[PDB]
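Shown next, in structure tokens, is the structure this report addresses.
Each reported figure results from applying straightforward, stated rules to the coordinates on display, with no laboratory input. FYI the Cβ positions are ideal-geometry reconstructions off the backbone, even for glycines, and counts take in every protein chain you see.
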Ligand code: HEM
Ligand SMILES: O=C1O[C@H]([C@@H](O)CO)C(O)=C1O
Ligand code: NA
């Protein structure tokens, strides 16, 4: 909603289609889908709607932004993608990273998130400190996703389901381990695990737990745990919105 996507050339569109295929094979073989989803999300999640700064405009590869503590480990993702990006010189880095995030979800068995090309790479990274803090709660989540990014409460809960793939690392954030028993499979298990309590060997952040005690978030957790199709629909909507923050008159 509210989007007017730009025209790109036929050659640009051909490159998007071929890069999507190459990214599927690469991400599947390297087992790095979670890290790639995290890269796309940390690129997009810096958007501030009031100032129209930050967002998915390719700045995450700049050494200054990779140095943000919230981005520990993402230098690995940038390096992994560099040889592939060099095969598609016509594409913006902004588009390439967002495409990699869409592909990460698809190859782990998640929904097909719509993708529209045309993001232009911006020169300057946003200031540090916009991404969410795992030790904080619902008020903080609404400040970051709502007041800054302009996303809804439904989007907060569905996007938190990104933790259905991957793990934390004690050398990156300090937290450690996977949220689910199948960290390379995208399904509604994040919500099932959240509801059943703490199982040994699985992770829950304070920010995950905040979803269970908030009056608006909890019904959504319950719905997604009961209905994976509802989760997939809402996730696809929210990821598309995230990947387009500030893009295509926003
Ligand atoms: C809701 C607020 C959120 C907080 C506080 C948060 C925090 C974290 C933290 C602390 C980690 C572990 C980093 C590490 O040690 O390796 C992590 C990993 C991850 N996050 Fe989130 N995150 C949030 C939202 C999201 C969103 C919106 C997405 C994407 C839709 C996402 C996708 C991921 C993925 C896939 C990983 C695993 C990375 C890997 O396996 O290397 N997160 N997050
Ligand atoms: O998702 C990830 O992928 C890589 C590695 O496990 C496979 O390349 C990594 O360090 C992650 O956190
Ligand atoms: Na999983």
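Full-extension gain between residue 175 and residue 135, please, as 0.36 nm times their residue separation minus the C-alpha to C-alpha distance.
That works out to 13.4 nm of additional length.
Return one number: the angle in degrees, 0 to 90 and rounded to the nearest 10, between the long axis of the Cα atoms of helix 33-44 and the longest principal axis of the Cα atoms of the chain.
70 degrees
With a Förster radius of 30 Å, plug the Cβ-Cβ distance of residue 228 and residue 124 into 1/(1 + (r/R0)^6) and report the FRET value to the nearest 0.05.
0.15
Taking the chain as a Gaussian network, Cα atoms linked when under 10 Å apart, which of 22, 199, 209 shows the biggest mean-square fluctuation?
199
Which whole-number percentage describes the relative contact order of the chain, with Cα contacts under 8 Å and a sequence gap of 6 or more?
Normalised by residue count, the contact order of the chain is 26 percent.
Is it possible to state the helix-based mean residue ellipticity at 222 nm for the chain, with each DSSP H run of 4+ residues giving -39500 (n - 2.57), the sum divided by total residues, to the nearest 500 deg cm²/dmol? What is it?
Result for the chain, helices only: -14000 deg cm²/dmol.
With no solvent and one point on each alpha carbon, what is the Debye value of log10 I(q)/I(0) for the stretch 43-153 at q = 0.12, 0.18 Å⁻¹?
Taking Cα atoms of the stretch 43-153 as identical point scatterers yields -0.46, -1.05.
Between 150, 109, 166, find the one with the highest GNM mean-square fluctuation for the chain; connect C-alpha pairs within less than 10 Å.
So, out of 150, 109, 166, the one fluctuating most is 109.
Under 19 Å from a point placed 7 Å out from the Cα of residue 28 along the Cα-to-Cβ direction: which residues of the stretch 181-215 have their backbone N that close?
183-187, by backbone N distance to the label point.
Give the angle, between 0 and 90 degrees and rounded to the nearest 10, that separates the Cα long axis of helix 93-107 from the longest principal axis of the Cα atoms of the chain.
50 degrees
Name the residue, out of 172, 142, 24, whose mean-square fluctuation peaks in a Gaussian network model built on the chain with Cα pairs under 10 Å.
172
In degrees, nearest 10, range 0 to 90: what is the angle between the Cα axis of helix 228-243 and the longest Cα principal axis of the chain?
With both axes taken from Cα atoms, the answer is about 40 degrees.
Hull surface divided by four, with the convex hull built on the Cα atoms of the stretch 132-238: how many nm²?
Quarter of the Cα hull surface area: 6.4 nm².
Stokes-Einstein at 4 °C, 1.567 mPa s, Kirkwood radius from Cα pairs: D for the stretch 116-194 in µm² s⁻¹?
88 µm²/s
Report, as a whole number in µm² per second, the diffusion coefficient that Stokes-Einstein gives for the chain at 25 °C and 0.890 mPa s using the Kirkwood radius over alpha carbon pairs.
D, rounded to a whole number, is 135 µm²/s.
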